[PDB]
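Residue numbers (PDB author numbering), protein chains in the order written: chain Z, 354 to 434, 445 to 454; chain H, 354 to 434, 445 to 454; chain W, 9 to 148, 185 to 241, 278 to 434, 445 to 595; chain F, 9 to 148, 185 to 241, 278 to 370, 378 to 392, 401 to 434, 445 to 595; chain R, 455 to 554; chain L, 52 to 148; chain Y, 278 to 303.
These notes concern the structure reproduced below.
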């Protein structure tokens with residue numbers, strides 16, 4: 354999931370610009386270099402399609418993944434899991 | 354992530370303006386110089402596309418990267434990670 | 009063997025190679041350090057935009073000064089021989105005063121020491137040279189002729205060419221110290237003729289301390305050469321190099337160490353780039369990118385930098401001004417930790433010093459570095475405080491202590507501590523002021539008053555040791571001798587104040 | 009060797025070379041700094057349009073002096089000594105109050121301080137000279189003869205010729221300081237003749289501090305020469321040069337320092353051009369592009392008898416705002432009025458204000474100034490006594506220098522300003538004292554004899570230590586009657 | 455008031471009035487009368503020989519300082535008031551800005 | 052991987068971990084000579100045990116370049132990944148003759 | 278040059294050069 358998150362960050366940075374054959378021989382320089390302008394030859398249509406963004410709630414599962422470590426053995430996700448929590452909060 | 358964030362700020366400063374051939378010989382001066390005027394010749398179409406913005410929640414992951422150092426060794430990301448917290452909160 | 013002229017060429021080759029390597033590497037690194045200190049743009053700033061560089065090493069060094077100044081520019085009682093019992097009192101503090109009286113308070117104050125710390129902290133190399141000079145102006185009562193005085197000067201470590209494979213002070217096979225030594229000094233030496241380079281022809285000269293063998297035998301001791309321009313030299317065997325080649329940072333095994341630059345460059349970089357990003361974001365939020373076609377508003381909108389009031393195109397009414405989404409204030413909060421970055425690197429002054447009000451000064455100001463840094467910087471001076479010490483110990487003067495008593499004599503030839511003790515402020519016992527204040531006073535004297543209520547004062551500490559109990563309080567406050575004596579170990583007033591009036595009250 | 013006349017031509021050549029280089033480049037840089045400070049046109053203003061210039065560094069100066077005024081001109085604790093622990097109240101604090109009572113409040117007050125900071129901060133070279141003069145007008185009770193007093197004056201750093209290869213105060217091989225030294229001074233000296241140049281002939285003179293050899297030997301102590309016009313000169317051995325050559329930014333290895341304009345070139349230039357462009361846009365929008380050339384479309388025309404001029408938006412105001420943020424990131428980080446426990450330590454000194462470190466460097470540079478002053482006052486000054494909280498002071502011509510100063514409690518060192526160290530120390534030590542007093546009693550912890558000092562840091566932070574509230578009671582005949590007689594037998 | 459350029463116009467207005475004031479200042483700096491000012495309190499010497507000062511200002515109106523009433527009101531009052539009450543609670547009065 | 056024409060700025064994260072683990076380690080180790088004891092047989096303890104402990108913590112500590120050897124030992128094992136030190140002997144000189 | 282910047286090494290290894298079992302360190 355973290356690898357896919359950073360991959361999504363990358364693909365949002367580039368954007369899928371599909372060029373035709375006969376123009377842009379050098380594969381758009383992978384759409385992200387110190388060029389900025391694409392240039393084809395005489396075509397003016399161009400097909401840059403943007404991959405749709407994602408939602409931040411993905412990171413929410415991140416939290417419960419720690420709870421996954423919480424649910425198996427590591428319930429002390431926090432610093433520690445009357446009479447102020449007797450028996451160190453029932454062990 | 355920080356390099357990509359400043360690169361995103363950069364590409365928002367310029368914006369991807371793709372010009373045709375025969376007009377704008379000097380590549381818009383990379384779209385940000387102390388010249389400003391575009392000038393083509395007589396055509397008026399022009400194709401400036403603006404890369405969509407991203408979210409500041411990226412910095413949020415930045416925070417948990419400290420918590421990453423928090424999760425590995427530096428659990429005292431803050432100043433410090445009845446009986447008034449004996450043993451300085453159990454070591 | 010039988011080398012008298014080939015030594016000149018060999019020293020010339022060593023000086024040239026040291027010039028090349030040392031100049032290039034150390035000079036470029038120290039120049040980067042000084043440029044970061046000054047705060048001008050790094051050179052990667054594109055034209056038309058501010059090149060702001062927020063100074064961070066400046067307040068770093070100004071934050072690490074106070075403790076070091078308190079522990080060096082305060083007396084000379086920091087180090088005690090505790091030597092052999094028979095010859096202890098008449099030599100130990102005699103030499104303590106002798107060295108803290110020559111180097112401090114007779115070698116241009118601490119200004120040489122302060123510039124030397126500055127060189128070892130920013131300019132990446134701190135080292136000073138100790139030499140001797142002859143006094144003039146007799147009465148011709186007050187016949188002061190041929191008097192010899194020991195002086196110390198900053199070597200301009202940019203002119204301190206040396207082999208990089210030494211890693212320690214007493215390991216350099218070739219020590220080069222370059223200075224002006226104007227044509228007046230040339231005439232003082234006796235040469236009427238000069239080098240390629278007005279009496280002050282800004283002639284340049286160098287001094288070489290190196291171990292060699294010119295007598296057709298094994299490698300001899302250190303030799304001093306006045307290699308100016310490969311001309312008449314002042315060749316002389318040398319006893320011990322008067323240097324300490326500080327690094328201030330006990331870096332991995334090399335002669336020269338890192339500096340404030342090599343540890344604060346990342347912090348300064350991130351702070352400067354996020355200032356630049358914040359101002360660029362303010363620019364794009366307060367500007368508004370108006371996407372307008374040509375043929376209407378042909379004059380570039382003046383990069384949208386002029387005030388007219390309304391956009392307007394020509395005859396159409398589309399107008400496409402896009403408003404960039406704003407930011408979040410957490411960056412400023414994120415900005416906060418950059419101060420904590422200094423707080424995590426050098427900035428003790430997030431608080432003045434450092445539940446029980448944040449025990450142990452908030453666990454050393456949230457695990458502050460500089461204590462260790464102070465400690466190591468202390469060791470950075472230790473060998474220096476030894477070397478110059480011996481350079482003093484031979485023969486300087488016959489001055490006395492004024493230190494808490496009047497009347498003392500010359501210290502001629504005792505030892506040199508064969509060490510230095512710097513544990514009272516830092517990673518040693520080193521409990522700094524308010525923490526030890528609180529802990530010691532509160533604990534020990536609540537115990538004492540509890541016993542006094544229960545048992546009494548006679549069984550425990552008496553006034554003779556309430557002396558020390560209150561003297562730790564005073565030394566935390568900073569007034570040991572003058573305002574409150576309280577000594578009372580065994581005094582004539584003790585009998586009439588404790589053994590007569592208190593016992594027979 | 010045996011030089012009496014070649015020194016004259018050597019100093020003449022040195023003064024001429026320093027004149028050329030120093031005078032030239034200092035003069036142009038300080039002149040452009042002054043022009044930018046006063047809002048004078050840069051010279052690029054085309055004729056026919058207004059040359060209004062918006063000033064920026066003026067606000068920087070107006071926000072940079074008051075902080076120094078609070079952190080320095082508040083009490084006599086500006087510079088501490090902490091010498092050998094032998095006798096601090098008898099000589100160390102004695103000499104400290106001597107210098108801060110004479111140099112300040114007796115030598116043109118603090119006006120010379122402001123002039124020195126102006127020299128180092130705007131006109132790019134801050135340095136002053138310390139000299140001596142003879143007091144006169146006795147009663148011939186009030187017999188004041190042979191008395192001399194030490195003065196300090198700004199050197200007019202426009203007349204402070206010096207070689208650029210110094211990189212330090214005590215490293216220059218040639219120092220030239222040019223003053224008027226009018227005909228009255230010439231008559232006092234005793235010269236009968238004048239120079240190429278009404279009694280006042282506006283004569284000009286110079287003073288040279290150098291290292292040379294007129295006795296046929298090596299470099300002796302400094303030499304002071306009254307080189308005016310290659311005439312009778314006053315040659316005298318001297319111990320150390322009386323100068324401080326402030327740079328105000330801890331500049332690299334060169335004698336002359338920088339100024340505010342030296343870091344506000346670009347920001348002031350862009351602010352000026354942006355304001356000029358804004359007002360020109362307002363003007364052109366008022367006219368708009370439309378036989379007698381239409382009288383600029385806004386004059387006594389009435390009816391023209401025309402493409403729409405392209406229009407813009409005033410949102411450029413944000414630019415203007417970040418100009419202050421420019422100051423916020425150049426020098427005035429307190430873009431606002433001021434940059445747990447509600448922002449402790451004044452929000453960590455307004456987020457590490459660099460004014461504090463500027464004060465630190467100013468103090469450490471003025472350590473040399475106080476060094477020169479204490480030498481000039483301890484060589485032989487007078488039998489003058491102090492009013493430092495108590496009467497009684499011996500002759501101040503043979504104390505010891507102790508030759509080391511400090512600025513511990515004023516700046517970026519421990520050096521927390523008045524309020525922060527005040528409240529912290531007071532709440533901590535007090536609350537613990539009263540807690541144990543409720544536990545044990547008043548005499549259990551630190552006692553009234555040292556509650557003296559505990560209130561004394563409060564007083565020194567307030568400025569009235571001894572006279573208004575003595576509260577000493579350390580060990581006195583009244584102490585025995587009050588602490589050891591009535592308190593013990595109560 | 456939304457970048458109202460009447461500010462800059464006021465500026466020139468002000469400086470024009472500046473000259474006006476100087477002129478009338480001269481007309482009062484030569485000889486007007488022995489009258490005194492009621493400026494919140496008694497006391498004003500004869501206004502027939504004031505100094506011209508050869509300078510005026512219009513900073514608090516326009517493109518100069520020119521920050522009007524209520525903006526300074528909220529900003530300054532809020533910030534200095536919170537700072538002063540925090541200092542009074544924690545530090546005190548005399549050490550920083552005091553009753554004086 | 053920093054392509055030309057664009058900044059390749061690198062933010063170091065290991066350094067804060069290093070400087071957070073170092074000070075607590077120094078506090079727990081470099082604090083008096085009470086860190087290490089011997090507690091030998093009950094009768095033969097006061098004779099040499101604390102005596103040898105003070106001898107070692109007064110020679111190695113406080114006489115053999117302080118804690119710098121062991122501090123650099125910790126630094127080498129913590130960052131450069133190999134912390135190990137070597138012990139040798141040498142002969143004393145400089146008599147009075 | 279007398280100081281020929283020579284490099285040296287030291288080896289601790291257990292072996293048997295006495296015609297017997299492997300001895301202690303060398």
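Quick reminder that beta carbons are idealized off the backbone N, C-alpha and C, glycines included.
First through last residue of the alpha helix (DSSP H) which encompasses residue i
i                     : result
residue 587 (chain F) : 582-588
residue 219 (chain W) : It is not in any alpha helix (DSSP H) - residue 219 (chain W) instead sits in the beta strand (DSSP E) that spans 218-223.
residue 410 (chain W) : 410-425
residue 369 (chain H) : Segment 369-371 is the beta strand (DSSP E) holding residue 369 (chain H); no alpha helix (DSSP H) there.
residue 468 (chain R) : 460-483
is_contact[residue i, chain W] using C-beta, thresh 8 angstroms
i                     : result
residue 421 (chain F) : yes
residue 279 (chain Y) : yes
residue 162 (chain F) : Chain F lacks coordinates between 148 and 185, the interval that contains residue 162 (chain F).
residue 453 (chain F) : yes
residue 456 (chain F) : yes
residue 428 (chain H) : no
residue 414 (chain H) : no
Per-residue DSSP class, three states only, for residue i
i                     : result
residue 195 (chain F) : strand
residue 513 (chain W) : coil
residue 544 (chain F) : helix
residue 397 (chain F) : In the structure shown, chain F runs from 392 directly to 401, leaving residue 397 (chain F) without coordinates.
residue 57 (chain F)  : coil
residue 326 (chain F) : strand
Proximity test, Cβ basis, 8 angstroms: residue i and chain L
i                     : result
residue 192 (chain W) : no
residue 485 (chain W) : no
Short CB-CB distance (under 8 angstroms) between residue i and chain Z
i                     : result
residue 403 (chain H) : no
residue 54 (chain L)  : yes
residue 57 (chain L)  : yes
Residue i Cβ short of 7 angstroms to the ligand ZN heavy atom set
i                     : result
residue 532 (chain W) : Within the structure as shown, the ligand ZN is missing, as the structure has no ligands at all.
Residue i - containing beta strand (DSSP E), residue span
i                     : result
residue 601 (chain F) : Examination of residue 601 (chain F) is not possible in this model, given that chain F is present from 9 through 595 alone.
residue 303 (chain F) : 302-305
residue 285 (chain W) : 285-291
Listed by chain order, chain A residues near residue i by CB distance under 7 angstroms
i                     : result
residue 350 (chain W) : No chain A is present in this structure, whose protein chains are Z, H, W, F, R, L and Y.
Beta carbon proximity, residue i to chain F, threshold 8 angstroms
i                     : result
residue 83 (chain W)  : yes
residue 459 (chain R) : yes
residue 532 (chain W) : yes
Minimum Cβ-Cβ distance from residue i to chain R less than 8 angstroms
i                     : result
residue 200 (chain F) : no
Residues from the stretch 493-505 of chain F in contact with chain W, defined by Cβ distance under 9 angstroms: Hits within the stretch, in order: 505.
Chain-ordered residues of the stretch 367-396 of chain Z with a beta carbon less than 7 angstroms from chain L: Residues passing the 7 angstroms Cβ filter: 386 and 387.
Near-chain L residues of the stretch 354-366 of chain H (beta-carbon distance less than 8 angstroms), N- to C-terminal order: Cβ contacts with chain L come from 355, 356, 359 and 360.
Runs of beta strand (DSSP E) lying entirely within the stretch 386-412 of chain H, each at least 3 residues, in chain order: Fully enclosed beta strand (DSSP E) runs of 3 or longer: 400-402.
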